[PDB]
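Have a look below at one chain only, the form deposited in one PDB entry, in structure tokens format.
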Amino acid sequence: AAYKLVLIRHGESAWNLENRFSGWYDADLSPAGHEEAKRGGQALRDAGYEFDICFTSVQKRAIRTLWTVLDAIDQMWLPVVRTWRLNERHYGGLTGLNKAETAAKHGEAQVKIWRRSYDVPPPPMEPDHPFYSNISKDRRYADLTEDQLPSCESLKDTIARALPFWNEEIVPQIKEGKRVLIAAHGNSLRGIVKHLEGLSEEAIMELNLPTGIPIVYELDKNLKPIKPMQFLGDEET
């Protein structure tokens, strides 16, 4: 194929352990998620993968996943670009709640609506939210215009602010011949997959990307996948 693209979704965070919604909250990897990242890097290493540029979010679970990979494949000297546009979905008011508090507070029907809807956002994170300032006033977002910093996001929203970065920053790089590695989050990566494969909103809702596993696309010169996405690792995983 003309081009090769590798994506990796970060692994288990500290907050997955507590069953808490992270979104834009900057949770670090759990030890186990760190190990997933190591296994993924080892898979790239064993397959002799080489990259020229790396993209990731401004969230430390994705950034650390990237570091761990670059270490495994002995390519820590690569340029790395970080952007909020690759951030996890902003879960708004649900940020910091766990599963139980959320089901108790909103009921099964409303939670099903949130999980199954493509353009239904969860409640906005209001200024009295425990993490309002921790997130909304983090200087790493100082450069965002008033309307780019979200209070909550549907999947459509997350994909809408991620795809501009794909089209304007990564695509040019792929067409330049640069081998690209994107280390990010399930939902912004969902956006990229939906675009690459022209999936329906229904299909993309069905799709969950495996964590800590390198996801290889062989693409033609128009960035059209020449075959289904493949994973790297041992025969088991």
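Basically, rigid core = biggest C-alpha set you can superpose within 1.5 Å across the two forms. Heads up: residue numbers just count along the shown sequence, starting at 1.
The same protein also has a form deposited in another entry, omitted here; what follows describes it.
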property	result
Comparing forms between the shown form and the other one after core superposition, the one residue of 76, 144, 160, 111 displaced by 2 Å or more at CA	111
Rigid core fit then residue 216 CA moved by 2 Å or more between the shown form and the other one	no
After fitting the core, residue 15 CA displacement of 2 Å or more between the shown form and the other one	yes
Pairwise C-alpha change, residue 18 versus residue 61, in the other entry against this form - closer or farther, 3 angstroms or more	closer
Pairwise C-alpha change, residue 69 versus residue 18, in the other entry against this form - closer or farther, 3 angstroms or more	closer
